[PDB]
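Asks: This is the structure I have questions about; it appears just below.
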Amino acid sequence: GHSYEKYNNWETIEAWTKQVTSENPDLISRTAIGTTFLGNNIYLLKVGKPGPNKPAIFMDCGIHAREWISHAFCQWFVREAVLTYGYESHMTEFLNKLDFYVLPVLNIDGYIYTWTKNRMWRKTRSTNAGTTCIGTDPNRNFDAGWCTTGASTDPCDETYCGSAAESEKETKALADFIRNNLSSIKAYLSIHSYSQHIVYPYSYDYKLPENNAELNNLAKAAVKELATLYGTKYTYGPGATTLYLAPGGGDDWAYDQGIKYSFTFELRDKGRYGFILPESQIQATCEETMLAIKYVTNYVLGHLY
Ligand SMILES: CC1(C)[C@@H]2CC[C@@]1(C)[C@@H](NC(=O)[C@@H](CC1CCCCC1)NC(=O)N[C@@H](CCCCN)C(=O)O)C2
Ligand SMILES: [Zn+2]
Ligand SMILES: [Zn+2]
Ligand SMILES: [Zn+2]
């Protein structure tokens with residue numbers, strides 16, 4: 001049984017991707033962009049009112065297995081889109097003018113593993129040569145300053161970069177999709193947890209992006225919009241500058257492909273519950289995050305390129 005106010009297992013999320021598409025055929029279409037290491041279909045939802053030459057926003061959740069609130073947020077975004085389209089001015093305009101490529105769970109194998117064996121699992125579930133240690137960090141596997149300082153060369157480590165850039169089927173599937181739809185994608189959004197932080201490029205090196213001033217102002221305003229609902233405090237800035245060196249990230253790779261609006265959203269909380277954020281907080285966390293996501297969407301729509 002699926003619920004937007006509860007954490008749902010992969011079988012429930014997969015069934016939901018099929019049901020939400022069939023219940024809303026004029027707003028949602030579903031495709032499989034590839035398969036995981038264990039052979040699970042990587043589903044992608046195209047959310048928006050169909051039309052010609054439409055710009056798009058790409059959003060992924062569940063790159064990291066244990067970050068259950070991120071998987072919950074992608075489902076909440078789709079929930080909001082189908083519930084408020086035709087009922088709220090902004091969401092109506094967004095779905096008419098833009099398409100949202102929502103990837104509810106990127107690291108499906110890791111997500112199944114958090115439900116079955118280890119709640120605190122982070123990486124993929126792929127095998128590594130010369131060791132029994134499992135998985136690669138997908139957010140250290142993209143081809144953007146790949147496997148430099150901030151990523152580990154050790155397969156037993158949580159930040160393992162992989163055997164090569166895009167060695168993971170999941171990373172290659174996401175990268176292939178963006179490369180194939182690059183002319184349409186205007187924004188990249190990666191949903192994670194926890195720290196209450198909005199990251200923008202660069203994370204693979206200590207360097208500021210070309211549009212640093214613009215991204216600083218946009219993140220500042222998105223953080224401000226998020227706080228209006230419950231007073232939740234978010235920090236923001238370039239990845240390497242305000243968080244840590246994290247090379248081979250999807251956001252930096254997307255930015256270097258020409259997607260100048262690229263953000264990583266680290267959701268609730270600040271360490272009290274960490275990855276084990278209670279189900280009672282899903283509603284509040286998702287509703288406030290919606291305000292930041294809608295602010296960025298509105299900005300992108302007013303600054304098309
Ligand atoms: C020691 C670690 C394994 C190492 C640093 C903290 C960890 C716990 C882990 N990081 C994590 O598990 C989480 C949450 C941590 C909670 C405690 C404070 C620090 C964050 N952050 C994360 O994956 N960020 C993304 C940010 C991406 C931005 C650019 N793409 C990433 O690293 O991929 C990574
Ligand atoms: Zn993460
Ligand atoms: Zn709502
Ligand atoms: Zn402007």
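Residues are referred to by chain and number: the chain letter is A, B, ... according to the order shown in the structure tokens, the number counts from 1 in that chain, and ligands are numbered separately from 1 in the order shown.
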Could you list, as a PyMOL selection string, all the residues within 6 Å of ligand 2, counting only C-alpha atoms and all ligand atoms?

Replies: chain A and resi 64+192-193

Asks: Can you tell me which residues surround segment 116-131 of chain A at a distance of at most 12 Å, considering only C-alpha atoms, apart from same-chain residues fewer than 4 positions away, and format the answer as an MDAnalysis selection string?

Replies: chainID A and resid 9:10 36:40 62:68 105:112 135:141 153:164 167:171 192:193 274:276

Asks: May I have a table of the residues of chain A lying at most 6 Å from ligand 1, giving each one's closest pair of atoms and their distance in Å to one decimal, counting only C-alpha atoms and all ligand atoms, ordered by chain and ascending residue number, as a Markdown table?

Replies:
```
| residue | atom | partner | partner_atom_place_in_ligand_line | distance |
| --- | --- | --- | --- | --- |
| A:139 | CA | ligand 1 | 33 (O) | 4.7 |
| A:158 | CA | ligand 1 | 3 (C) | 4.8 |
| A:159 | CA | ligand 1 | 3 (C) | 5.7 |
| A:193 | CA | ligand 1 | 14 (C) | 5.7 |
| A:194 | CA | ligand 1 | 14 (C) | 4.9 |
| A:195 | CA | ligand 1 | 16 (C) | 5.8 |
| A:199 | CA | ligand 1 | 28 (C) | 6.0 |
| A:203 | CA | ligand 1 | 29 (C) | 5.2 |
| A:239 | CA | ligand 1 | 29 (C) | 5.6 |
| A:246 | CA | ligand 1 | 32 (O) | 5.5 |
| A:249 | CA | ligand 1 | 30 (N) | 4.1 |
| A:250 | CA | ligand 1 | 30 (N) | 5.9 |
| A:251 | CA | ligand 1 | 30 (N) | 5.3 |
| A:264 | CA | ligand 1 | 28 (C) | 5.8 |
```

Asks: Which residues are near ligand 4 - at most 8 Å, using only C-alpha atoms and all ligand atoms? Format: as a list in words.

Replies: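 The neighbouring residues of ligand 4 are, in order, residues 299, 302 and 303 of chain A.
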
Asks: Go ahead and dump the residues you just picked, C-alpha atoms, as a PDB file, in the first residue's frame.

Replies:
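Saved to selection_19.pdb:
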```pdb
ATOM      1  CA  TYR A 299      13.413  31.498 -12.217  1.00  0.00           C
ATOM      2  CA  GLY A 302      11.976  33.494 -16.729  1.00  0.00           C
ATOM      3  CA  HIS A 303      15.634  32.977 -17.789  1.00  0.00           C
TER       4      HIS A 303
END
```

Asks: Name the residues in contact with residue 265 of chain A at a cut-off of 12 Å, using only C-alpha atoms, excluding same-chain residues fewer than 4 positions from it; report them as number ranges by chain.

Replies: A: 59-63, 67, 69-70, 73-74, 188-200, 219, 222-223, 226, 234-237, 239, 243, 251, 269, 285-286, 289-290, 292-293, 296

Asks: Distance limit 10 Å, reference ligand 3, atoms considered: only C-alpha atoms and all ligand atoms. Which residues make the cut? Give them as a PDB file with C-alpha atoms, in the first residue's frame.

Replies:
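Final output, saved to pocket.pdb:
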```pdb
ATOM      1  CA  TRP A  76       5.776  14.284  -3.305  1.00  0.00           C
ATOM      2  CA  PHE A  77       6.766  16.459  -6.307  1.00  0.00           C
ATOM      3  CA  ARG A  79       1.862  14.242  -5.998  1.00  0.00           C
ATOM      4  CA  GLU A  80       1.867  18.105  -6.064  1.00  0.00           C
ATOM      5  CA  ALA A  81       1.977  18.233  -9.885  1.00  0.00           C
ATOM      6  CA  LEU A  83      -3.053  17.488  -7.398  1.00  0.00           C
ATOM      7  CA  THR A  84      -2.521  21.245  -8.056  1.00  0.00           C
ATOM      8  CA  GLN A 283       4.903  16.111   4.944  1.00  0.00           C
ATOM      9  CA  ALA A 284       6.658  19.197   6.476  1.00  0.00           C
ATOM     10  CA  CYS A 286       8.434  17.923   1.348  1.00  0.00           C
ATOM     11  CA  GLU A 287       6.088  20.974   1.532  1.00  0.00           C
ATOM     12  CA  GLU A 288       8.947  23.400   2.402  1.00  0.00           C
ATOM     13  CA  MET A 290       8.418  22.316  -2.824  1.00  0.00           C
ATOM     14  CA  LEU A 291       8.713  26.120  -2.233  1.00  0.00           C
TER      15      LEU A 291
END
```

Asks: For residue 82 of chain A, find every residue with an atom within 12 Å (counting only C-alpha atoms), except residues of its own chain fewer than 4 positions away, and show them as JSON, numbers by chain.

Replies: {"A": [20, 21, 22, 23, 24, 25, 26, 27, 28, 47, 48, 49, 75, 76, 77, 78, 86, 87, 88, 91, 92, 95]}

Asks: Nearest to residue 252 of chain A: which of A:201, A:12, A:282, A:233 is it, counting only C-alpha atoms?

Replies: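 Comparing A:201, A:12, A:282, A:233 against residue 252 of chain A, the winner is A:201.
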
Asks: DSSP on the backbone: which residues in segment 4-130 of chain A end up as strand (DSSP E)? Give the answer as a PyMOL selection string.

Replies: chain A and resi 28-35+41-47+56-61+99-103

Asks: Could you tell me how far atom CA of residue 231 of chain A lies from atom CA of residue 216 of chain A, in Å and to one decimal?

Replies: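 For atom CA of residue 231 of chain A relative to atom CA of residue 216 of chain A, the distance reads 20.2 Å.
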
Asks: Ranking A:278, A:102, A:214, A:13 by minimum distance to residue 46 of chain A and counting only C-alpha atoms, which one comes first?

Replies: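 The answer is A:102, which sits nearest to residue 46 of chain A.
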